[PDB]
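Shown next are two forms of a single protein chain, provided one at a time as structure tokens under the names structure 1 and structure 2.
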Structure 1
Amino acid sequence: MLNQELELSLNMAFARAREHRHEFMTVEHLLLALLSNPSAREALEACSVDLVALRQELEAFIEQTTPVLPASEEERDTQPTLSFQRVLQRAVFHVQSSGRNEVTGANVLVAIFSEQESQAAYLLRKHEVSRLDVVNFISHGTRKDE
């Protein structure tokens, strides 16, 4: 699940969750963070996705739906959701089984689509992006929607 570039994104995603004292680390925080992950950002730009709109949509959603800790509590800073754990394991399994040894933001972006029931997967579809589109960009060439 490491790539330096990806790890940074994960760090930023958690730091953001902890800043607003969010109780959970969501697939939406993840995608939010991935918007500034070059690997991920690139695949999304090739899919003509409005990143400004997506970013706004994601931030609005996590503030309105993410439970906030009691400000007191222990410290138990942000609990990753099961969905979050799943997209990561999926990206990691895909890389491992491909014979490669690097998990990029784009690999993670692909794994998000299989999390039906996540707002993130919903927002990507809303922006006319599908798993196939990202997969086509990742492989072959810049198979872009444009």
Structure 2
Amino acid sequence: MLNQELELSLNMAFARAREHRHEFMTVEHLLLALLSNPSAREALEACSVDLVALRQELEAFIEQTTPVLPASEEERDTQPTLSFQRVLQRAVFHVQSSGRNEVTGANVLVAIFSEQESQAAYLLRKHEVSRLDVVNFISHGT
């Protein structure tokens, strides 16, 4: 049960990747998409996170590391990687658990912290985004 705003973020992520002809989408692409998601953004702002700085470093890492489909054929569409899928499944089933019906961008943001070795998680720690703070804000919100 993905809420309207999360569905949009995810569609925008796919749209962005297709535009850039990126061969795959990782959890980094996901976090980038979420910086514009109302639910996730509100949670980051509550933590006084510099979203401008975070987005720029995130956009840079994606460009320098994601393969661009050669002018050739085949593939056409981008494919979500295991990190992208795991995070989504984690959020979905965590929400399923005694809680609400809708999955929000904030729920997805929390699930990203579980991808410990990801550059996405590395960047959140770098910019001082505490998972403890994100969780408390969400628990007392919807």
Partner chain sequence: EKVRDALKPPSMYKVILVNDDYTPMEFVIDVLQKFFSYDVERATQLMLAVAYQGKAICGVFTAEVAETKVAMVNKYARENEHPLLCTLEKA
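The term rigid core refers to the most C-alpha atoms you can superpose between the two forms while keeping them within 1.5 Å. Shifts are known only where both forms have a C-alpha. Numbers follow structure 1, counted from its first residue as 1.
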Would you indicate whether the form deposited with its partner chain bound is structure 1 or structure 2?
1
Quick one: CA shift at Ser130 between the two structures, core fit, Å?
2.3
Mind pulling the C-alpha shift for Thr26 between the two structures, with the rigid core superposed, in Å?
1.5
What stretches, three or more residues long, have all their C-alphas moved by 2 Å or more between the two structures when the rigid core is held in place?
71 to 73, 140 to 142
